[PDB]
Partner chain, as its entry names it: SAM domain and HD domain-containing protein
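Just the one chain here, laid out as structure tokens, in the form solved without its partner chain.
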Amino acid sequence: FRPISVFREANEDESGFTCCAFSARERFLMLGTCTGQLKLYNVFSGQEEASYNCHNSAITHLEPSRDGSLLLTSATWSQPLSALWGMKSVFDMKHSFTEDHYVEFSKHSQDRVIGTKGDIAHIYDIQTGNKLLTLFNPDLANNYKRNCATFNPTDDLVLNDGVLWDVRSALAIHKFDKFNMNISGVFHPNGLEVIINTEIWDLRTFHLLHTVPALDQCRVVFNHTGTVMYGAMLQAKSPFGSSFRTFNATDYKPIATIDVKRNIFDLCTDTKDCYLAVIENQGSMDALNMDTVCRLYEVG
């Protein structure tokens, strides 16, 4: 991990970057801020190229669409709490998700949004904005404090609150046992495995394949090729502590532990898996205000 670039939010006395994603436009990083702004930065110059106020509370999450035409945002205490923005030609709001505190695109064909409201998942059509489907069963809930509903790579399964759902039938096919209080789980890009905190389950047999103690309380991100898994750990200001782990995605063998000595707010990779971007806070949890920097590292 060779540091190649660093920047702080332009002009600000304290720098308020909260989350990041690379744009479909080569060289440009998208960042959310603690004032609900979306900014476009040259990742090498640190030049601010554009600024849009999406929310009147802090951004917690953003996800660009692969074809660069759409963006999802989530905020902290705004109504609406999440939104879908059009980026082709003029930046504008397309739909709003009144109480969903987290949203993602479908993965295969990006024509749907999945939103999370506490223990409940909602699926929406992108063209009409209509809610197609609500996945919730109170007998099956795990009540994960950081529940995030997600699609599998083919868009026909959903993981919500540690329940695996068939999207076509709207049927719960399996409730995974609850072994932590916060992390609800993600699909591996290979479409055969589920990662729920420290447990790696097989989707076809529900055997436990691996225990990875180092993933405890970690939020997991895959590189674009599905060969490396990157993890940063939640705080018992900041959602994460000050270090990140890399794992081999095929055997879950640890490759690296990096302590950046600063609390991490977010990290993401470019679609060619050359660069890792990390939002690190220079201030503590106790400071008046946050003071984040975006650090760009070369990996290979």
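Residue numbers count along the first chain shown, from 1.
If you look for the form deposited with its partner chain bound, you will not find it shown, but the lines that follow are about it.
**Q** Would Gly241 show up as a contact with its partner chain in the bound PDB entry if we use heavy atoms at 4.5 Å?
**A** Result no; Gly241 lies far from its partner chain in the bound PDB entry.
**Q** With a cut-off of 4.5 Å between heavy atoms, is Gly36 one of the residues that contacts its partner chain in the bound PDB entry?
**A** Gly36 belongs to the contact set for its partner chain.
**Q** Any of the heavy atoms of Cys54 lying within 4.5 Å of its partner chain in the bound PDB entry?
**A** Judged by the heavy-atom cut-off of 4.5 Å, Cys54 is in contact with its partner chain in the bound PDB entry.
**Q** Give a yes/no on whether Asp92 approaches its partner chain to within 4.5 Å in the bound PDB entry, heavy atoms considered.
**A** Yes.
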